[PDB]
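Notes to accompany the following structure.
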Amino acid sequence: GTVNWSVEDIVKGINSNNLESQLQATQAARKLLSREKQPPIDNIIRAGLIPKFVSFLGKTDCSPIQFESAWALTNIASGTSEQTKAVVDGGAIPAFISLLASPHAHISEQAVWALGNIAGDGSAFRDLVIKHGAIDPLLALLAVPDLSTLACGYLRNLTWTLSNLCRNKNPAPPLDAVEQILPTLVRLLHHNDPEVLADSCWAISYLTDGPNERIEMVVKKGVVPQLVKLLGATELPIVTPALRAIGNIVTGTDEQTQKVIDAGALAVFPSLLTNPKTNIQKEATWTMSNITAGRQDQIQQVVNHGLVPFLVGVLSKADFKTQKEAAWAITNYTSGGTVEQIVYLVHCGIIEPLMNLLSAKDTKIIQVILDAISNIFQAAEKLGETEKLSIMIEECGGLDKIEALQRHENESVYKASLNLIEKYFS
Ligand SMILES: NCCCC[C@H](NC(=O)c1ccc(-c2cccnc2)cc1)C(N)=O
């Protein structure tokens with residue numbers, strides 16, 4: 001029927017003066033554009049078909065050509081930026097917005113998906129979608145008493161598009177737009193479908209990526225407890241964005257950080273710090289590094305929850321990137337912690353795995369480690385145990401690693417090494 005038409009025929013039919021010939025060629029185009037290996041998007045664009053497609057969006061009298069041209073356009077809009085641009089340039093954005101209120105759910109859904117791909121392309125288009133007024137009719141589609149009545153795929157599409165309106169930076173989305181979408185986002189975050197949950201979490205993790213004021217608008221809606229609950233999901237696609245949102249939040253103030261701790265976050269971290277998926281373990285250790293950068297009573301909760309031996313663990317054996325996150329966690333802990341907390345850290349076994357990392361050929365981790373070693377001696381000098389410490393470090397090959405660092409490209413490293421040898425050794 002409409003399968004494997006040539007571009008030339010599609011053009012011939014869409015140009016005819018026959019609504020039905022056009023409908024038939026438009027469907028042909030959509031099937032061509034829907035093929036999986038190398039769909040001829042640029043050939044379609046070159047033939048000048050986008051303006052014609054955009055006009056069919058307005059044919060309210062012919063519902064099926066609306067759907068078909070919507071789907072065709074959608075396929076193109078899901079390609080490169082240049083391709084997405086051609087769709088926007090054809091004037092698709094207000095036309096798609098008008099279709100959100102289509103009586104046919106298939107058509108309105110298709111518009112949702114298309115606005116999703118356009119906003120998702122980048123900041124400028126995101127903000128252009130918003131200016132043309134997309135947010136209200138998108139939100140209106142979710143104004144039902146119970147989200148469970150909505151079609152499963154329909155609801156996944158809306159959540160996904162909403163998350164693209166939250167998605168990029170430089171600039172971050174308009175404050176006024178974020179405040180408008182957030183209440184519905186809080187609600188989706190409570191909906192019982194794994195995909196809606198994942199997408200909602202991604203949205204929140206976009207909105208929490210930035211300055212503390214941004215973090216505050218989110219934290220103020222009270223989602224932190226639901227984020228922590230989702231942190232313990234079995235589904236890795238829910239846990240990955242939940243962990244990102246949580247990690248973003250603890251880069252903010254001490255008070256925003258305390259919210260995460262109070263919600264029970266720290267109880268999930270023994271799993272997260274030993275998680276078999278390498279990126280979850282990396283994210284969890286980074287998150288820990290921002291927590292040890294906080295208050296002394298916050299360091300104490302890390303301590304109280306038994307997470308210090310997990311940090312020793314990560315430092316001892318992990319992906320190198322995760323180990324560097326572990327280094328930062330320790331330098332932060334040591335610089336801001338009390339003497340008793342630094343003493344405990346050494347009692348848990350921090351020194352040897354710390355020294356083994358001096359071997360690493362990465363200049364900035366070495367300074368982080370040196371930074372941390374110094375902070376520990378400073379605790380020891382308050383207790384006059386600097387000597388006993390020296391021996392620990394010397395027993396586990398720590399000095400051979402420290403002495404070797406003078407013969408080193410960087411001399412902020414050599415100067416840090418230098419000082420340590422004189423001040424605390426013979
Ligand atoms: N109370 C001691 C906190 C240490 C100082 C404090 N530093 C931090 O908060 C911090 C510094 C560095 C990092 C970090 C950097 C690179 C990778 N992973 C973590 C995370 C947090 C500051 N710049 O104000």
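By convention here, the first residue in the shown sequence is residue 1. We count ligands from 1, going down the list as the structure has it; atoms in each ligand are counted the same way.
Annotation: atom 5 (C) of ligand 1 to nearest protein heavy atom, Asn332 OD1, 5.0 Å. Protein heavy atom closest to atom 2 (C) of ligand 1, with residue, atom name and distance, is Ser335 OG, 3.2 Å. Scanning the protein for heavy atoms near atom 19 (C) of ligand 1, the closest one is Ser289 OG, 3.4 Å.
Of the protein's heavy atoms, at least one falls inside 4.0 Å of atom 9 (O) of ligand 1. For atom 14 (C) of ligand 1, a protein heavy-atom neighbour is present inside the 4.0 Å cut-off. The presence of a protein heavy atom under 4.0 Å from atom 21 (C) of ligand 1 is confirmed.
For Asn304, the CG atom sits in a packed shell: over 12 heavy atoms of surrounding residues, nucleotides or ligands are nearer than 6.0 Å.
With ligand atoms numbered from 1 in the order given, ligand 1 contributes 17 (C), 18 (N), 19 (C) to contacts under 4.0 Å with heavy atoms of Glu325. Counting the atoms of ligand 1 from 1 in the order shown, those under 4.0 Å from a heavy atom of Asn290 are 20 (C), 21 (C).
Side-chain contact between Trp71 and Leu33 is absent, with no heavy atoms from C-beta onward closer than 4.5 Å. At a threshold of 4.5 Å between non-hydrogen side-chain atoms, the residues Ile299 and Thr338 do not count as touching.
The salt bridge (charged side-chain N to carboxylate O under 4.0 Å, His left out) test applied to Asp254 returns no partner, not counting sequence neighbours.
For a threshold of 3.5 Å applied to N or O pairs, the pair formed by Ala293 and ligand 1 contains at least one separation below that value.
Using a 4.0 Å cut-off between charged nitrogen and carboxylate oxygen, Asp319 and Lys282 do not count as a salt-bridge pair. A salt bridge between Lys221 and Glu216 is absent, with no side-chain N of the basic residue lying under 4.0 Å from a carboxylate O of the acidic one.
Using cut-offs of 30° and 60° on the angle between ring planes, the pair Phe377 and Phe425 is perpendicular.
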